[PDB]
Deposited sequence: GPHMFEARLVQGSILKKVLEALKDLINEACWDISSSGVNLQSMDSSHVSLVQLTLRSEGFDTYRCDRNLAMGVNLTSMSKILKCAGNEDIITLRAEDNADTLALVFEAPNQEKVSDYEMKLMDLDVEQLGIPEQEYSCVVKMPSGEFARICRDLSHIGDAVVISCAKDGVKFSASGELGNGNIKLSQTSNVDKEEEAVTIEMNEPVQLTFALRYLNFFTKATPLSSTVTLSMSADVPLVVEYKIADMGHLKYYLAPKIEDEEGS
């Protein structure tokens, strides 16, 4: 009794989720309930926050008797998920007062099963709360294009200015080599679209080194959404299959 178990057929979702977290967040609390898996954590600088949601429905079987909170070293967990093949069925199992998580990997079409037992840890955890927000500008664009832009501008400077207007969205940086602007225009013609919805024009400045951690989520989705308003953190959102999302929040520079 008081036992969590969840079976995910696309084990690679979970491998990719941990590669998209482990370099930004060392260790976090996984909040498990009957609605699903929730994770919320600031990086140690408190400049950025990550929000992961995986709904119960995404799992091929899912049981959560009692709510629980597992403290996980994300680096430890990423190392264990590297022993899963990309098409393994992955089961997570935990007892409600347990010091360990069990991970079972079933190789598809093959009599091979792997079992790992990972030690948990106890974790102090601030609870942040983000309210409902109307964003002055929302940009949907290919995830590969955003990853390219953040990588390329990081060779020009440490900071990017993001401007949204009617024409479209512009990304700018400058440094000791010179200056760069990249302009994406709204696409007239599904995945390849750049879509801008804006109420008021916005211009914010952000640290490129954090954006380059966010784009480690690029394998989870072929698109990304950027949401911006004049005095508040940027949101960068990647959708995960049809079962949830990974959201990155980043405080603007000054």
Legend entry - Stretches of the record's deposited sequence for which the structure holds no C-alpha atoms: 1, 191-193, 259-264
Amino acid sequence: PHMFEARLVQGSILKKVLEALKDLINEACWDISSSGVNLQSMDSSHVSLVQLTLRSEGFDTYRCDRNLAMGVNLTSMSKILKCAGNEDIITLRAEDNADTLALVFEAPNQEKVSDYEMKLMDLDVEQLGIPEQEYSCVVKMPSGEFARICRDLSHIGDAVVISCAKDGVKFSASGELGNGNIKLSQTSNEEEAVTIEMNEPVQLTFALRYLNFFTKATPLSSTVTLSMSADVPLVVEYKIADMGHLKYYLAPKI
From here on, numbers count along this sequence of modelled residues.
Legend entry - 116-124 set against 77-85, stretch whose average Cα temperature factor tops the other in the entry: 116-124
Legend entry - Comparing 215-223 with 60-68, the one whose average Cα B-factor in the PDB entry is higher: 60-68
Inset, instruction - Name the one of 154, 110, 172, 143 with the greatest CA B-factor according to the PDB entry. - result: 110
Legend entry - Entry-reported Cα temperature factor of residue 235, expressed as the chain third it lands in: lowest
Inset, instruction - Consider only the C-alpha atoms of the modelled residues in this chain, order them by B-factor as the entry records it, and name the third containing residue 41: lowest, middle or highest. - result: middle
Inset, instruction - Name the third of the chain's ranked CA B-factors that contains residue 168, choosing lowest, middle or highest. - result: highest
Inset, instruction - Would you mind ranking residue 8 by its C-alpha B-factor against the rest of the chain and naming the third, lowest, middle or highest? - result: middle
Inset, instruction - Going by the recorded CA B-factors, say which third of the chain residue 194 sits in, lowest, middle or highest. - result: middle
